[PDB]
Structure formats: C-alpha cells, structure tokens
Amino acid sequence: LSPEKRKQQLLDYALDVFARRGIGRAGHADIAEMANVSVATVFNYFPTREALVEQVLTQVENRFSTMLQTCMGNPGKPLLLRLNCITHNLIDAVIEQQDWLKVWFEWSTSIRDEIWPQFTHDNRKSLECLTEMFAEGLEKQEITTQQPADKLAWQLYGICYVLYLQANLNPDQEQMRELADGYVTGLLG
C-alpha cells in the first residue's frame, strides 16, 4: 500500500473511532488493529498520540469549512439560499451520521482539553466566513442591521447546534427542514 494510501486509511479509522468512542480515546494499537497493520506502522505515520489527534481535527475542521464555503456558492447568491444550504446540509449530515460532524461538535465542548485552543483558533475562519455572509446580506438589504454581522454569525451557530441535537433526536429530513426553515425565517426577520 502506498504511503498516501496508508496515511489516509489510518486517518479515516482514527476519525471513525473518535466519532464512536470520543476524541482521543483510542490508542495507536487500536488503530493498528482496525487497519490490520503493526503498531509500529501507526507510529511511523503519527509519532505521538497527540499528532494523530491534531491531524484528525484538522481534517474535521476542513470538512466543516468546506461545507460552509460550498454553501456560499458564487457571489450574489442570496442570503436566504445560503442559509437554507447550510441548515439543509447540516441536517443531511446528521441523517447520514457523518463522523466529522459528530467529532466537530464534541470538539466544540471540550473546554478543559488541550484540543480546545485548536478548536477556537482553527474555526475563526468559519466564524469570519459566516460574518462576511451576513455583512453581504446587510449590504443587499436582505437582513436588517439591528444586530452586527458577527452576532448574527454566532446566532446562526447556535441554531446549527440545536438543529444538530434535534436532527439526532429525529433524523427525518422533511420534519427537520421545516424546523430549520422556521429558524431561518425568524432569523431573517
């Protein structure tokens, strides 16, 4: 197996067990058993337990930010369509039980762990991405300026959190999209 082949297999499996058991709970030996490789092989690719954790979380952040940027579409895409894209993709990601989204949200509440500084720093770009989208909407009179764009971004973040919990409770696309459209309509008003 080529080295790029192998590294992505190990990262996949590490993300998988993180989603099932929690961030950073599985050892290199556990990853080795899932990949049917020696423990030394995993250490060759990730010299420390912490190096594997940060590289999995970097991939999780990239999945999150790529989802948002894809929803931004081309310039001039209406704020409403961007917001519906974000909520509908979040809902569908819960329905498919995507590992990265489960790990992202667990990362967000790992306050006391060495990984939380990575969460708050690495995800500034997504906060700024959402802030720019609301600021654009402000400029185009698609939403009022009663709240600063950054506060609207945080508000949307909280909506994504409750949608995430509600969709895990009830992974029904139609019912969940009705809830999400209600939140977005209220946010836009």
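Residue positions are given as counts along the sequence shown, with the first one as 1.
Mean CA temperature factor is higher for 128-136 when stretches 128-136 and 156-164 are set side by side in the entry.
As recorded in the PDB entry, 74-82 is the stretch of 74-82 and 103-111 with the greater mean C-alpha temperature factor.
You'll see in the entry that, of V39, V56, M34, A149, the Cα B factor peaks at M34. Ranked by Cα temperature factor within the chain, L169 sits in the highest third according to the deposited record.
Sort the modelled residues of the chain by CA B factor and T87 lands in the lowest third. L187 sits in the middle third of its chain by CA B factor, as recorded in the PDB entry. For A26, the recorded CA B-factor ranks within the highest third of the chain. Only modelled residues enter the ranking.
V60 sits in the lowest third of its chain by CA B factor, as recorded in the PDB entry.
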